[PDB]
Ligand SMILES: Nc1ncnc2c1ncn2[C@@H]1O[C@H](COP(=O)(O)OP(=O)(O)O)[C@@H](O)[C@H]1O
Ligand SMILES: Nc1ncnc2c1ncn2[C@@H]1O[C@H](COP(=O)(O)OP(=O)(O)O)[C@@H](O)[C@H]1O
């Protein structure tokens, strides 16, 4: 189903901001500013009430729970 | 392709010449059939040289006994039986190619198309394609130049040109089909084939009569509809060929053509680059086109074509060679079209040079300068502005024009301030200069 | 990959108790309950 | 002449020599040279304010003073900073993956690709995947299609894949990138996908890059059950590779040539059409192809006109060109034995039977094709 | 004419020229005597509008020394462990790199001392591989002038106890060059690319240290016969196998560092390593006959003088299907019991003890 054709749409069906976020890119050396960027993107979302946050690729990298912390 | 099983070289050697004697005039077909059985046996034995020799012998027997019709269905059966060996059929076509070219006859055109049908079943790039190219060229010569065969040679060349070409044979074949295409006077397809082949250059550094022939067939194609800038570019591309082969007549007439064309081309920045590059040539001075180029290129002179037809129009009547000039302007129909193309070309040139010189010019004077009436002058003036070439605004009721953009007060005071700062800098430089020269002049 | 640190210890221990130059100064004794030694059990006829 | 010729000696000793005082100054210049810290400008705060990340430390902001051409500086550009001079004193372009650079720019002097026989179909496959898209884009423009991306080679371990890869590398020797697909592992957790993005960026810089990497099975895998931290590093490395070659942004004029030995264990996600446009199996060398390879390998060999090449063809079967230089070698020191200047046909027969008896032992000489 | 003016400049301009680098070198060699930052070269071929470099320092910093002001990038190839200025933040000088922890010294013997005389039985085979390995070391120039590049891959297959390890070390001692031993059965590492990384730095160490002898043991363990079952498909070991394959051609020019692979059954290998440019010299290592076994144990017991006049003929009769290792164990078993048997009868029990 694409899994993003509803996020690319809807944001235009009702005019709203759309952000790709990309979880794979987020996990990087910018772990210290990771909290800060979440604050910044949330502020961007809060700035425009018509907005939607879309985060991708959570399963493989972003906080898997069965494999020990490496 | 496949390994040989059972050779019959001894069998064919001891029997084939005897079979030829038994059917010297070819009245017997049992001899043809028994060699078909023999070559079938070698084909099932996967032997190539024996099958090829049998096929060559079979066609040779048909040549000597001159059965043209029986040859047609015989080669059809041979090429369609099971497709045999690709080496053998490629051979058989080759001696067929060697034979059809020596006997003129009426039905050789049928022989040419028959082999074409036998080879057009596929297997073009693989197993000999030059034979099909030669047959198509042979058909061109037989029909003496028409539209159907010119289309046929148009639709054939692409496969072998892309697959396996020759730096001389293939390009000559391309040159020998575009001339027929231009003879057909098709322009869209001839332009397409010309632009898809001219990408293959860097062989013309050793051309004898190939680059010039290519260009002299695509001169007419371009100039037929609207081309005038590409015309000057490849007329100078045929001008640099007599540079390495110094022959005076073609060299000088090429100079006359390129100089006339480069000026005649519509105004643009690139054309300005070409005319400036062309000007100053040491070898260009000895022709009247040198005076024509020097006058009509720069310094914004009034190009009154009524005066130019006698001041610099002598190339129409009599010059050094006047052969390109008669081709351009001495012609009746296309010549008068190019005469009108000179007539307007100097009108936009006169409008353009007037644009950078005169802000407001009265309608009568501009029409007189353009050698036309008021309505014709305004029509061309509209033709320039719709192309964004000039910044012109006209009051049609008053018949007055302006070429200066309305100066916004922001930048108007900016240039005034820049003028002020230029004066301020001049004061600083003059003060230092006079005071120091004052110091030198009172060292007494 | 099950017991590979064991193999890391095996390589270095052989490098240590190989003796290199024979010397009657130091002695080594290995005591187990079952002869479950690894492949060096055939190199040890020259060493142990 | 004594006052003439004694001169011509002494100045030549120098020239290239006596080139030290300035080398001394240059390294002294280095001695008092300021070392300017290096970062990447994340974004431009204002026209004079630029947010720059130190490669290790925090993001600073700096500002060009008078003439550093702030317009040409872009978010992600490389500039030199100093914790003291407060500004950018000069700007610097990028990097090129040096370790990869030399191992991809040290292709040894090879022979032409025509020196290997029986693979003319593979040769023309390489031509119509590499040469054709760049030489004649007008035909494909009339076609209106994108050129294919990559081709796969697989088969017995002895085919000529290394020779073909080295031959195509020697064809260009300037814009060819060689990858061995095993130096990806390192001591640190990082520098695994960072390098992968880096020569992809290098492939973005130069359009006609030909990328060759071998043993995709060294990163591929099928599926890791109870994966280890090292197994988990493959799958994220494989996923990063997949999303950087196909991903959302594709490459242009960049073709990937890869080879392996186990096609079945390859991950099905990579081998789907779109990432691997063509799959080519390099089969067993033909008997006449083996004959041509034997002649190639026996070119500079002192021998007369009695060699029964057909006998070698009949006996030697299933033997790659690898086994053929063995036979050529084995005839070599058979000729060394008894000190024979030439090579006799009996030496080749001894080589053939010794290699044949050598090959008897090993079974499963080739994986079945997919 | 014009000499005496030229050289009074030249010799002066020669000596003063060289003295200032002597000053400068010192000024930078004390800095080269105090480098502190590793050189993780992230190169740019920054042609001046020649080259340039990025150095990941030890203290987690990066320094872009312009055009690499001291060392040519031809010798300064990328990697790590190349001198960097602690104060000038410039590349200082090349220095030896790190040999991948394990490979730094896994089992590398600096110089083996075992001699060719103490081994025997397979003298035709040992002379064959000496001609193929040792001669390409001592008389390497003979092959260079001849024009034939010597083969490098020698595969020595045979049941254990045939003296492969001694012969490889004895050959290395004869060549008087570096010898590197690889523990083949333990190269199968759970860490990904670990065995591939180990073999690389082993080849790198061998290249950096003389024309070496790469003695890889248990080639059958390294390379499977491709008999693929789902029980084990040799998936992760095919990783390391092709890695060894691509490093076999690394030393083709100048023909140094030979590869000697020891195993028992050559048939357990696919036709990958059995390549003419790769491992090509397969030499059989059979169990020695009665004469050879008796001679081998006699040579082993040559340093033992307890029982005079022991012809070892009964031992040769009783040494049925025994290895050179078994013969050594038989002789040293006498070396353990011959205190205070003794002659022609203290030898049989050695084989009986092992099982
Ligand atoms: N088709 C072939 N033609 C000529 N030589 C070959 C051929 N196949 C293998 N060889 C020989 O094998 C060696 C190259 O190894 P190669 O088979 O290319 O490795 P891989 O198959 O892993 O790419 C060369 O010494 C070469 O002489
Ligand atoms: N020809 C020989 N001369 C002397 N000792 C030998 C000989 N052959 C084998 N040995 C003994 O065998 C041992 C080597 O065993 P190993 O290397 O495991 O056998 P292989 O090399 O056949 O695998 C050495 O300790 C040595 O004493």
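Sequence positions for chain E are given in Swiss-Prot numbering; the residues included correspond to 53-101, 119-409, 414-428, in order.
A Cβ is built for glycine as well, from the same backbone N, Cα and C atoms used for every other residue.
Here is what Swiss-Prot records for this protein:
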- E:227, E:228, E:229, E:230, E:231, E:232, E:233, E:234: ATP binding site (BINDING)
- E:376: phosphoserine (MOD_RES)
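Ranking the binding-site residues E:228, E:230 by other CB atoms within 10 A of the CB puts E:228 at the bottom.
In sequence order, E:233, E:333, E:353, E:354, E:355, E:356 are the residues of the chain that are 6 or more apart from residue E:227 (ATP binding site) and have a CB within less than 8 Å of its CB. If you take the Cα of residue E:230 (ATP binding site) and the Cα of residue E:376 (phosphoserine), they are about 26 angstrom apart, rounded to a whole number.
Of the chain residues outside the ATP site list E:227, E:228, E:229, E:230, E:231, E:232, E:233, E:234, E:331, E:333, E:354, E:392, E:393, E:394 have their Cβ within 8 Å of the site's Cβ mean position. When Cβ neighbours within 10 Å are tallied across all protein chains shown, the highest count among the recorded positions E:234, E:376 belongs to E:234. Geometry remark: residue E:228 (ATP binding site) versus the residue listed as 'phosphoserine', CA distance 31 Å. Among the recorded positions listed (E:231, E:233, E:234, E:376), E:231, E:233, E:234 have a CB atom closer than 6 Å to some atom of ligand 2, in sequence order. When Cβ atoms from all protein chains are considered, those within 10 Å of residue E:231 (ATP binding site) total 25, not counting its own.
The binding-site residues examined here are E:229, E:232; by Cβ neighbour count within 10 Å, the least packed of them is E:229. In this structure the C-alpha atoms belonging to residue E:231 (ATP binding site) and residue E:376 (phosphoserine) are separated by 26 Å.
Chain C comes within the C-beta cut-off of under 8 angstroms for the following of the binding-site residues E:227, E:228, E:229, E:231, E:232, E:234: E:229. Candidate binding-site residues: E:229, E:232, E:234. Nearest to the residue listed as 'phosphoserine' by Cα distance: E:232.
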